[PDB]
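Note sheet for the following structure.
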Amino acid sequence: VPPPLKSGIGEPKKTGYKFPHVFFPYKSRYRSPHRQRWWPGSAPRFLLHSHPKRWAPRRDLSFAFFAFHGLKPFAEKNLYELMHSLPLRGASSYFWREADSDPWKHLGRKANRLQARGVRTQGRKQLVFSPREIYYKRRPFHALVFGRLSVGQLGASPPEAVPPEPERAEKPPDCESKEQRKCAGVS
Amino acid sequence: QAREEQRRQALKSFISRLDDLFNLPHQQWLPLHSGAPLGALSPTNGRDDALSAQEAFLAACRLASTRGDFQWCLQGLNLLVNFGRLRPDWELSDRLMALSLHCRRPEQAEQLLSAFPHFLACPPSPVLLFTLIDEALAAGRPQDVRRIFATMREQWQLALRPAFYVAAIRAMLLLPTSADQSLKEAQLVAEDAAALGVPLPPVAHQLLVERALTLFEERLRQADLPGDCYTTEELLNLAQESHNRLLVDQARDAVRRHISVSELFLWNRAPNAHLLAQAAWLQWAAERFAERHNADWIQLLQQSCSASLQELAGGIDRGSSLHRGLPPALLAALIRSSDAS
Amino acid sequence: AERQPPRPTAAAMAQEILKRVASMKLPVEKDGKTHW
Amino acid sequence: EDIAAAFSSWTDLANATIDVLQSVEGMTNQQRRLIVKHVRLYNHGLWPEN
RNA sequence: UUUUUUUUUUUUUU
RNA sequence: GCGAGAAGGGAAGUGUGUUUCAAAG
RNA sequence: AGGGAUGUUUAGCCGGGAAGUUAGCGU
C-alpha cells in the first residue's frame, strides 16, 4: 500500500482531499502529474516530499533527534546539509557531484534499460562549485547559495580529487547546479 | 505541595494548550517578531507590545528544576521547528545548554556540543562550556573530560582560548593510573599547544608539569630503587625543554596581556626570583653513576636562602605562579642527602 | 588631488583575490542599484 | 552456462538465425533481443570500446 | 496586511 | 519534459446528416 | 582582573499558489 501523505516541516496544517484525483471512480488509467515517488528506483520531489513531519514519544526526544539531517548517508546527503557542518559554512571551498551511486542506477523496476552503447564492458573533467554567498532559509536542508561554477580536471589518485584546475572562468557567480548529492573538497 | 502540585500543573497546561493553538490557521497564530519598527504617537509606543512564539516557549522553560520536566520542554521545541517558527540566535544556544544542567542531567549536556552546529547558527556561550568541565571533576570522573576538549578544539567556529588549556592538564594528572601512565598522556596535550598557531599558555602552566616530572621517576631512581631506568634520557631532556618553553611564552605574553664563577646578576635590573627555584636544580647524571659518567648551583641558590625573596623591596609580578616552593622535592631531598651522609 | 589619490590603492593592495565571501547573510539575497 | 552449452563454437553463434534461437528453452524474450544486438555490433566493429 | 517564493523591482533633496 | 476518452450510444425532429460555396491568426 | 565587555525586532508595491472563508448590493 502507498505511504500516507504527510506535510513537510515549515508548512501549516492542510485539509486532506477525499479522492486522489477528479477521475477517481470513473477512470483508472489516468495519472496526476504530481504523483508521489515512493516505489524503489526513484527520487523525491525535493521540496514536496523529502522531509515529512517527524514525531516520536516524549521518551525518545533528545538533542540527537534534531541532528538526523547531518548524519544522513552519503547517498542521501544534499549540498545544504553538507555545508552546514563544514568550517565557515563551507565557504571558500570546492564541491562536485559524483553520479555513480544513484538509486535508479543500481535498483528499480527499469534498472535494465538498453542504452545507446549497450553494456559497460570496462582522469575526468568534472565541474566544480565555489560557494560565495550563503543564505539559509529553512536550516539544515534549505538555503540560497550563490557561487562560481567552473570546470576542473581530476587526478590519478585512488580517490576523486582535484589537481591544478579550475582553470577557465565559465560564468559569473550563479545559483547552485544540483541538489541531489555532493562530495567534499580540498579547500 | 507548593513545589509539586503548583509546579507540574503549571507546566503541563502550558505545553498542552500551546499545541492546540497551532491547529488554527496562520491568521490566528502568534507573530514571529515582537513588533514593527519605527520605519513602519511618540517613539516609545509599540515596538515591544506583542508576545512572540519564541518568547512564550522560553518563558515556560524557567519552571523546570527536576529531570521529569526536562523531557517535557523538548516537546515544545519540536513544535516550533516543525512549524518553522524558530530563529537561532546567541540566546537560544545559551539557555538550551543551561537548561539541561539545571535539571541535573550532565549526560545530555555533553551531547549538545556535538549536535549544535547541525541545526543552530550561533554557538553556546564560552562560560557554560568551561563550567561543565568542573562538573565531571567534582563527581570524580577525570576520564570524561578528554572527549569534550577534543571536540571544542577541532571545531573552527568556536574561538580558541588560552585558559581552556589549563583545565585539561590539571584533570589528566589526577587520573587513577600509574605514575608513568598519567604523565605520558598529559604531555600529549602540552605538545599540542605549540604547533597550531604556537599558542602561549599562562605563566602558571609549566610549573605544574615540571613539578611531577622530576619527582615521579627522577627522584625515585636515586633514593631507594638503586639498592646495592628505561627513559632516563627523555626525562632529563624534557625537564630543561619545559623551562625553555616557559621563557619564550612568558616574554610574548607580557607584550599582549598589558602591552609592556660566571654570573649575570650584577646589572640585570630586578627580575622575579620566583622562577629561579626550578632553574637551580643540580644536574647529577643521566645514569646511576654520578661520578664517572657526567662531568657537566650554590651561587644560584644564594638569592633566597631563608625562604625570603626580594618581594618587599623589589619588583611586582602580575598574575605570577605559585609563590611556594617544592615541599615534596626540596624539603625531603636536601635533608636526606645530608643527614644520612 | 591633495590627499584623495593615495587612499584607493591602499585598499586595493589589501583587497583579497575574491570579491566578497559572505559566509553568513541574515537578510534575503538581492542587489540594489541607484541612478544618481 | 545452459545457453553456452547448446552452442559449439563462436561461428555457430554469430551466424545463428532467429528461428534456431527459439528452439532452446533457456532463452526469454529479453535475453533473445539482447544477444542479437551484440553480435550485430561486433561484426561491424561498432563496439570495440564504447 | 498575516503561512508558502528556483517569477520582480523601488528607498537621497544643496 | 511530451502523449493518453484510442474500452463513450446518456441528449436532440425539423435536429442529426447530405449537397452547393467560401475561408492570407 | 579577558571565565570581562560588546551583539538582539528593517520597510513598501505588483503577479501567481494552498487552507480557512464563500456574510456584502451601502457605487
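Residue numbers start at 1 in each chain; chains themselves are named A, B, ... in the order of the C-alpha cells; ligands are numbered from 1 in the order shown.
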
task: Identify every residue of chain A that has at least one atom within 8 Å of any atom of chain C, counting only C-alpha atoms, and report the result as a list in words.
output: residues 88, 89, 90, 91, 92, 132, 133, 134, 135, 136 and 144 of chain A

- request: Restrict the distance test to only C-alpha atoms, flag each residue of chain A within 9 Å of chain D, and return the flagged residues as a PyMOL selection string.
  value: chain A and resi 114+117-122

message: Distance limit 12 Å, atoms considered: only C-alpha atoms (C1' of nucleotides). Which chain E residues sit that close to chain A? Return them as a PyMOL selection string.
response: chain E and resi 3-6

Check: which chain F residues lie within 12 Å of chain A using only C-alpha atoms (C1' of nucleotides), as a PyMOL selection string: chain F and resi 1+4-5+7-8

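Within 12 Å of chain C, and counting only C-alpha atoms, chain B contributes residues 87, 88, 89, 121, 122 and 157 of chain B.
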
Output C-alpha atoms for every residue in the selection just made, as a short mmCIF file (atom, residue, chain, number, x, y, z; two decimals), in the first residue's frame.
data_model
loop_
_atom_site.label_atom_id
_atom_site.label_comp_id
_atom_site.auth_asym_id
_atom_site.auth_seq_id
_atom_site.Cartn_x
_atom_site.Cartn_y
_atom_site.Cartn_z
CA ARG B 87 15.09 31.79 14.88
CA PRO B 88 18.50 30.55 16.07
CA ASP B 89 20.49 33.16 17.97
CA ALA B 121 23.51 29.30 13.90
CA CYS B 122 25.40 30.62 16.87
CA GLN B 157 33.52 28.09 14.79
#

task: From a DSSP pass on the backbone, collect the residues of chain D flagged as helix (DSSP H, G or I) and hand them back as a list in words.
output: residues 2, 3, 4, 5, 6, 10, 11, 12, 13, 14, 18, 19, 20, 21, 29, 30, 31, 32, 33, 34, 35, 36, 37, 38, 39, 40, 41, 42 and 43 of chain D

Using N, CA and C atoms, can you write the selected residues to a file as a compact mmCIF listing (two decimals), in the first residue's frame?
# COMPACT_ATOMS: atom_id res chain seq x y z
N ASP D 2 23.84 -22.73 -19.35
CA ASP D 2 22.94 -23.52 -20.19
C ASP D 2 22.98 -23.05 -21.64
N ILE D 3 22.95 -21.74 -21.86
CA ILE D 3 22.96 -21.22 -23.23
C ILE D 3 24.27 -21.57 -23.92
N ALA D 4 25.40 -21.39 -23.23
CA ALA D 4 26.69 -21.70 -23.82
C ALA D 4 26.85 -23.18 -24.14
N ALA D 5 26.23 -24.06 -23.35
CA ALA D 5 26.35 -25.49 -23.61
C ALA D 5 25.75 -25.88 -24.95
N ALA D 6 24.62 -25.26 -25.32
CA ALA D 6 23.97 -25.63 -26.58
C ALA D 6 24.87 -25.35 -27.77
N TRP D 10 32.12 -20.17 -31.71
CA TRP D 10 31.64 -18.82 -31.98
C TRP D 10 30.99 -18.71 -33.35
N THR D 11 31.44 -19.51 -34.32
CA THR D 11 30.87 -19.44 -35.66
C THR D 11 29.38 -19.78 -35.65
N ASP D 12 28.98 -20.80 -34.89
CA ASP D 12 27.58 -21.19 -34.82
C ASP D 12 26.72 -20.15 -34.12
N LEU D 13 27.32 -19.28 -33.31
CA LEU D 13 26.56 -18.26 -32.59
C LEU D 13 26.38 -16.99 -33.42
N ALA D 14 27.44 -16.52 -34.08
CA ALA D 14 27.33 -15.31 -34.88
C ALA D 14 26.38 -15.51 -36.06
N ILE D 18 17.15 -16.36 -36.31
CA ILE D 18 16.16 -16.10 -35.27
C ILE D 18 15.34 -17.35 -34.95
N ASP D 19 14.97 -18.13 -35.97
CA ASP D 19 14.18 -19.34 -35.72
C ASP D 19 14.96 -20.36 -34.91
N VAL D 20 16.26 -20.52 -35.18
CA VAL D 20 17.05 -21.50 -34.46
C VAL D 20 17.16 -21.14 -32.98
N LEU D 21 17.24 -19.84 -32.67
CA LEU D 21 17.37 -19.42 -31.28
C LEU D 21 16.14 -19.74 -30.45
N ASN D 29 12.34 -13.63 -23.82
CA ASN D 29 12.24 -12.56 -24.81
C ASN D 29 13.31 -11.50 -24.58
N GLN D 30 13.53 -11.11 -23.32
CA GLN D 30 14.54 -10.10 -23.03
C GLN D 30 15.94 -10.56 -23.43
N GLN D 31 16.28 -11.81 -23.12
CA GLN D 31 17.60 -12.33 -23.47
C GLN D 31 17.78 -12.48 -24.98
N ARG D 32 16.74 -12.92 -25.69
CA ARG D 32 16.86 -13.13 -27.13
C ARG D 32 17.18 -11.82 -27.85
N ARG D 33 16.43 -10.76 -27.54
CA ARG D 33 16.65 -9.48 -28.20
C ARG D 33 17.99 -8.85 -27.82
N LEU D 34 18.54 -9.20 -26.66
CA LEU D 34 19.83 -8.67 -26.25
C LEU D 34 21.00 -9.34 -26.95
N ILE D 35 20.92 -10.65 -27.19
CA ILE D 35 22.03 -11.35 -27.83
C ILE D 35 22.18 -10.91 -29.28
N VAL D 36 21.06 -10.79 -30.01
CA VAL D 36 21.12 -10.41 -31.41
C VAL D 36 21.73 -9.03 -31.60
N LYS D 37 21.56 -8.14 -30.62
CA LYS D 37 22.13 -6.80 -30.73
C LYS D 37 23.65 -6.82 -30.61
N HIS D 38 24.20 -7.65 -29.72
CA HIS D 38 25.64 -7.68 -29.52
C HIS D 38 26.37 -8.25 -30.73
N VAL D 39 25.86 -9.33 -31.32
CA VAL D 39 26.54 -9.94 -32.46
C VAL D 39 26.55 -8.99 -33.65
N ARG D 40 25.49 -8.21 -33.83
CA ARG D 40 25.42 -7.27 -34.95
C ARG D 40 26.40 -6.11 -34.80
N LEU D 41 26.72 -5.71 -33.57
CA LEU D 41 27.63 -4.60 -33.34
C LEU D 41 29.09 -5.01 -33.46
N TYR D 42 29.45 -6.19 -32.95
CA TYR D 42 30.84 -6.64 -33.02
C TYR D 42 31.24 -6.96 -34.45
N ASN D 43 30.32 -7.50 -35.25
CA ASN D 43 30.65 -7.84 -36.63
C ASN D 43 31.01 -6.60 -37.43

task: Write out as a list in words every residue belonging to chain B that has an atom at most 6 Å from any atom of chain G, counting only C-alpha atoms (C1' of nucleotides).
output: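 Contact residues on the first chain: residues 33, 34 and 127 of chain B.
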
message: What does the structure give for the distance between atom CA of residue 72 of chain A and atom CA of residue 3 of chain A, in Å to one decimal?
response: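 Going from atom CA of residue 72 of chain A over to atom CA of residue 3 of chain A, I get 21.0 Å.
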